[PDB]
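The lines below spell out each chain.
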Amino acid sequence: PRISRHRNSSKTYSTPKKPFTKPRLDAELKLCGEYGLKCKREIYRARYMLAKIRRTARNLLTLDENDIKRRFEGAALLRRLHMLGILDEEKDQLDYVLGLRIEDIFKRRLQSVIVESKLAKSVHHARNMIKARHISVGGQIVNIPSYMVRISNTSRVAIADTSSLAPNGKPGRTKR
Amino acid sequence: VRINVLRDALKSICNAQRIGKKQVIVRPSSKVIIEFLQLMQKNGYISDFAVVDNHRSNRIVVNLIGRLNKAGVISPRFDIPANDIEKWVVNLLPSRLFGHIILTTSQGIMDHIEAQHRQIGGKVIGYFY
Amino acid sequence: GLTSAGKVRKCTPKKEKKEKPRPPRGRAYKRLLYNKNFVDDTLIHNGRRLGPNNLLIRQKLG
Amino acid sequence: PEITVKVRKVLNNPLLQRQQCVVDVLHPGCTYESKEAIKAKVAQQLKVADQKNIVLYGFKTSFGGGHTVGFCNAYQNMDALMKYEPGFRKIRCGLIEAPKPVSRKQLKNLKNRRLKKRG
Amino acid sequence: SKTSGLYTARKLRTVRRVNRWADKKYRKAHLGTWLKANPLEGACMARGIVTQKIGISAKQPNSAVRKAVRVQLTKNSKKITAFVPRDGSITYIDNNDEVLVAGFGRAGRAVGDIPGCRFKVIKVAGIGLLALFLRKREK
RNA sequence: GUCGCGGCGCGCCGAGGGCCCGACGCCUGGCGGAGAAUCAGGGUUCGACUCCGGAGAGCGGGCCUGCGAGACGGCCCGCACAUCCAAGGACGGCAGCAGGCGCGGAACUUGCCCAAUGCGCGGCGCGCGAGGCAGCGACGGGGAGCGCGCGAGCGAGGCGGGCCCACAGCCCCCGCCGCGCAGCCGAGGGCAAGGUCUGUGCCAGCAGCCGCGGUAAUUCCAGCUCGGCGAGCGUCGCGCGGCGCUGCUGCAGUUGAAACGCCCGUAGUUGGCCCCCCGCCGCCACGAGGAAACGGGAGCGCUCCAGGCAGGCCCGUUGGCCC
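Residues numbered from 1 in each chain as written, not as in the entry; some residues may be left out. Chains lettered and ligands numbered in written order. Part of a larger assembly, values for the part shown. Heavy atoms only, no water.

- What the deposited record gives as its method is cryo-EM, and the resolution it gives is 3.35 Å.

## Some points on the interface of chain D and chain A
Logical step 1: Facing the 5 residues of chain D at the interface are 5 residues of chain A.
Logical step 2: Where chain D abuts chain A, roughly 350 Å² becomes buried across the two surfaces, and 65% of that area is made up of carbon and sulfur atoms.
Logical step 3: Broken down residue by residue, the surface that chain D buries against chain A is led by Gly29, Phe63 and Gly64 of chain D, which jointly contribute 85%.
Logical step 4: One can count 0 salt bridges joining chain D with chain A.
Logical step 5: Where chain D touches chain A, the interface holds 1 residue pair in polar contact.
Logical step 6: Partitioning the side of chain D that touches chain A into residue classes produces 1 nonpolar, 4 polar and no charged. (Contact = heavy atoms within 4.5 Å. Buried area = accessible area lost by both parts, 1.4 Å probe. Salt bridge = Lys/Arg side-chain N within 4 Å of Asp/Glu carboxyl O. Polar contact = N/O pair within 3.5 Å; in protein donor to acceptor, adjacent residues only side chain to side chain. Nonpolar A, V, L, I, M, F, W, Y, C, P; charged D, E, K, R; others polar.)

## What to know about the environment of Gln41 of chain B
Residues and elements named next belong to chain B.
Logical step 1: You can see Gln41 is positioned in helix α2 (residues 31–41).
Logical step 2: Spatially, the C-alpha atom of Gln41 lies 9.8 Å from that of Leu64, the residues being 23 residues apart in sequence.
Logical step 3: Apart from residues no more than four positions distant in its own chain, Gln41 is found in contact with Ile46, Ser47, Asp48 and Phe49. (Helix = DSSP H or I, 4+ residues; strand = E, 2+ residues; numbered from the N terminus.)

## Let's talk about the environment of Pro1 of chain D
Residue and element names in this part refer to chain D.
Logical step 1: Within the secondary structure layout, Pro1 lies in the segment before β1 (4–13).
Logical step 2: By relative accessible area, which is 83% here, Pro1 ends up exposed.
Logical step 3: Among all residues touching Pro1, those that are not within four sequence positions of it are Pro28 and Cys30. (Buried < 20%, exposed > 50% of the residue type's maximum accessible area, 1.4 Å probe, protein only.)

## As for the interface of chain A and chain C
Logical step 1: Taken together, the 11 residues of chain A in the interface contact 8 residues of chain C.
Logical step 2: Summed over both partners, the interface of chain A with chain C buries about 940 Å², with 69% contributed by carbon and sulfur atoms.
Logical step 3: Three residues, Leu29, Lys38 and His124 of chain A, lead the burial of chain A against chain C; their summed loss comes to 54% of the area buried on that side.
Logical step 4: The tally of links between chain A and chain C comes to 0 salt bridges.
Logical step 5: At the boundary of chain A with chain C, the tally comes to 2 residue pairs in polar contact.
Logical step 6: Ranked by the residues each element gives to the side of chain A that touches chain C, the list is headed by helix α1 (residues 22–33) of chain A, at 5 residues.
Logical step 7: Class assignment of the residues belonging to the side of chain A that touches chain C gives a composition of 3 nonpolar, 3 polar and 5 charged.

## Describing helix α7 (residues 123–131) of chain A
Logical step 1: Taken together, the buried positions of α7 of chain A are occupied by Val123, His124, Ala126, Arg127, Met129 and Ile130 of chain A.
Logical step 2: Elements that come into contact with the buried residues of α7 of chain A comprise α1, α2 (40–62), α6 (110–116), β1 (135–137) and β3 (157–159) of chain A together with α2 (27–37) of chain C.
Logical step 3: The N-cap of α7 of chain A, judged by a side-chain oxygen 3.2 Å from the amide nitrogen of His124 of chain A a few residues on, is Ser122 of chain A.
Logical step 4: The positive-phi residue at the C-terminal boundary of α7 of chain A is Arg133 of chain A, with phi of around 45 degrees.

## Things to note about the protein's contact with RNA strand F
Logical step 1: Surveying the vicinity of RNA strand F reveals 184 residues, the closest of which are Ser10 and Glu73 of chain A, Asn53 of chain C, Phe59 of chain D together with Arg86 of chain E.
Logical step 2: Near the protein, meaning within 4 Å, the atoms of RNA strand F are sugar or phosphate in a fraction of 75%, with bases accounting for the rest.
Logical step 3: Measuring from a base oxygen of RNA strand F, one finds a side-chain N or O atom of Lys7 of chain C at 3.0 Å.
Logical step 4: At 7 residues, the largest contribution of residues to the surface near RNA strand F is made by α2 of chain C. (Near = heavy atom within 4 Å.)

## Quick word on a negative patch on the surface
Residue and element names in this part refer to chain A.
Logical step 1: Residues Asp88, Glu89, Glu90 and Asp92 make up a contiguous surface patch of negative charge.
Logical step 2: Residue placement: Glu90 occurs in the loop between α3 (69–84) and α4 (95–98).
Logical step 3: Exposure remark for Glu90: the relative accessible area of 64% places this residue in the exposed category. (Patch = residues over 30% accessible without salt bridge, like charges linked within 9 Å, V, L, I, M, F, W, Y side chains within 5 Å. Areas by Shrake-Rupley, 256 points an atom, 1.4 Å probe, with all protein chains shown as cover. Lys, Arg positive; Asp, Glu negative; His and termini not counted. Charge placed at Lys NZ, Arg CZ, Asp CG, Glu CD.)

## Some points on the sheet that holds strand β3 (residues 59–63) of chain B
All names here are of chain B.
Logical step 1: Pairing in this open sheet of 3 strands is antiparallel, and the strands run β1-β3-β2 from one edge to the other. Across the chains shown, the open sheet's two edge strands, defined by having one partner strand only, are β1 (23–26) and β2 (49–52). This sheet shows a mean twist of 20 degrees between the axes of neighbouring strands, independent of strand direction.
Logical step 2: Inspection of the sheet shows β2 paired to β3 by 4 bridges, in the antiparallel sense. (Pairing = 2+ DSSP bridges. Axes fitted to C-alpha atoms, helices over the stretch in contact; angles between N-to-C directions.)

## Considerations on the state of the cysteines
Residues and elements named next belong to chain D.
Logical step 1: In the structure shown here, the tally under the stated rule is 1 disulfide over all chains.
Logical step 2: Residue pairing for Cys21: its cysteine sulfur links by disulfide to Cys72, the two sulfurs lying 2.0 Å apart. Taken together, the residues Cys21 in strand β2 (residues 18–26) and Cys72 in strand β4 (residues 67–75) connect sequence positions 51 residues apart. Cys72 shares its class with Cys21; the two are buried.
Logical step 3: Not part of a disulfide, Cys30 finds its nearest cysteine sulfur in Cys72, a span of 20 Å.
Logical step 4: Judged by relative accessible area, which is 26%, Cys30 ranks as partly exposed. (Disulfide = S-S within 2.5 Å.)

## Observations concerning the pairing of strand β1 (residues 45–57) of chain E
All names here are of chain E.
Logical step 1: Examined bridge by bridge, β1 and strand β4 (residues 99–103) share 4 bridges and lie antiparallel to one another. When the sheet's bridge partners are listed, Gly48 is paired in β4 with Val99.
Logical step 2: Judged from the 9 bridges that link them, β1 and strand β2 (residues 65–73) form a sheet pairing that is antiparallel. Residue pairing in the sheet places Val50 in a bridge with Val71 of β2.

## Looking at the packing of helix α1 (residues 5–19) of chain B against α2 of chain B
All names here are of chain B.
Logical step 1: Viewed as axis vectors pointing N to C, α1 and α2 meet at an angle of 40 degrees, and their least axial separation amounts to 9 Å. Overall, the two elements α1 and α2 adopt an arrangement that is oblique. Crossing of α1 against α2: the hand is right-handed. Between α1 and α2, the residues in contact are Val5, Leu6, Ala9, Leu10 and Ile13 and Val32, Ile33, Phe36 and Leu37, respectively.
Logical step 2: Classifying every residue of the contact of α1 with α2 by side-chain character gives 9 nonpolar, no polar and no charged. (Parallel < 35°, antiparallel > 145°, perpendicular 65-115°, else oblique. Left-handed = near helix turned anticlockwise from the far one by under 90°.)

What follows is the structure, encoded as structure tokens:
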């Protein structure tokens, strides 16, 4: 009854076991300073995505080589991590997936990519520009600062053609 | 009564090593004791061992090289599924790289690594690390 | 006893709230918390790091 | 600004005498002012040349993008269109006059009242 | 010592079932004497009409008059003693005016200097007690 | 006798049958499973609900029709409780969907519509409170805001068009005006954050716990400042983890809780060594065959995402494979 019931849903964040650890409160604030994050949930999501990927890597490393699952599932984890750019292209092994940080999840995010391309003066600048849809990846405008681009789309990231090139010519304050 | 022949043997070897005794004697000799010790001799943890014949259960004079750290038995011998071997190695042995778990298999008494290569599992006789 | 109830609450003289400016919200507030705590090294620094509500940090910032 | 129309996965359907096509409306920096405006270009690709015999539907704009993915039912003839078309989508074409259904509850109340008095 | 025989699973299963009861927590979770005894009867909270406003003394070494109301729960006609929390909050609660009572937070044990009050008022006459204290809604 | 087998029933004959590997009796705020919650591993707890099988339409019975119902949106009857009455009679059955009443801590609109997805009948098509759509709805899950910066920019709106739709609407696209906007709990310790200034003076209160309050209150009542998390945060109840405080992994018993006063002894559990080569067992591996969803998991940019099974001129494009 109601196909809505059959639609799935999941939690994408994992709160810390201890919430008031001073070393782990300060480090999260630094990781909000360099990445322009609104709330700690965004860092928790980053650790949930990394932990799952690391758990796949650890359950495959324990498995013997030439066991078919290690060859197939491991190649699919590596390919995904290479396509996103989380895994450096040169490493090409399962062990290097275990030795990764949430810095690699954050770097692929669009807000950090715009600063690297020098389009954004800061990460705080980029967040506002993406909310104002001034950024297009591969010809598609994005409004999400956690879009996370793939290595191929890195070059195709550009200022939205219809936004800051002034095709409108009367944008916001200029109009009036 | 003497329910486990192997437990008394590996205890009498560990006690001898702690004293620093080079050679020890095991009062009852079994075929499974010889197979467990043979595995330790092919792993370098033991030295030459000689089964004297008393015309009864037989004795074993075991030579040691200080190399063995711990030798024990899992009782009752629980049959281990192939995918369960690693879970046993993560608790019973220190380090995934060193140690040995000796399991009786249909192929024969073998270490966990040999069983993993043949992709079969079996009842655990004991462990030597 | 029950008749003398809430005696400190009635006794307390009503105190007026300061009309402070609206604070930055969301990412901007996080930026200011990061700025004060790690960057600058002036607001919480007496030549050494100090606690946010420290009496030395107060008076210096008012 | 210009509108360019490409049809993809055109399938002949002599069963219902129609051509099932996927119309792609690419309008970068501008908007197609209704399906009727771009009907001529899709009709040209089909070669039907009759805008009326084309039924455009499921037109979905993508977020930000000029691209709009839509579908066409290019019937061979108007007569076939009438025989095999959802009546509402013929009214939405503006091709047929609107028939008016009564309230479903009012229709079922009268049914029940008829049954109450000698079936 | 424990029993370790390949066929002694039945004994271990029986021993665990028998010795599980020694813990008070397993008994206060499965015996069911608690469910019948509790005036909340396993509910998150209950509703009930005020009968008496009582001044309860604090336990030593604390010397104070905690303020509470005796409440007969509509659900099981069972009179409980519930502390009314915060300062001057009792003035909001009249007699016979209906109160929603939840437990203190020790899962049915009396908490703090207050003795025997396992419950506290959360809503008076449909109005949250904390709101009447912060003066968000009037009585 | 039944559709048929059968103590199913009866007549007759015999005395069996089930049990500490728990029979039987009682009790269950007891539907079961696929599953779910929490979690290193081993585990624990819950299984009203989506799919599957069972059961029941106030409660007992009984029946007819049919291929199939012991059918309740069929009937007959007894009880309990309605309903109308011109007093003779008639007449029900929301554990369908709205909606009410009662009860409780707690739970949505007497909305619309057969257009999709099915099914009943019928080649040209209707019927459906199945199901779909809208409303309500901080159950919860997910994605963005509350500025960037130093002069430019949005989106929240509104208003139009388009799109969408059974009809609207939302989303999204496009013009036009344009109007960012935070709580809830804390600051003695646990546990992050004032040895600030009043009031109060074992009072009032606070405080899960330890503790503060009796005149220099780091604990109350306000102001101030500050921390945490965040469009959510606090409280209560309960499950899991915590808890090797239930111990299979993995607990303890000289003295902290705890070896039965002793001995025999059945059930139970446990039993040395020995034969390579054989049959039965358990055992391990690998197959068959048995619903998906779910949980993984291949591949695919719903703008990201939770999702979904899509897509794009493509393996016979897919949707593998596992449980």
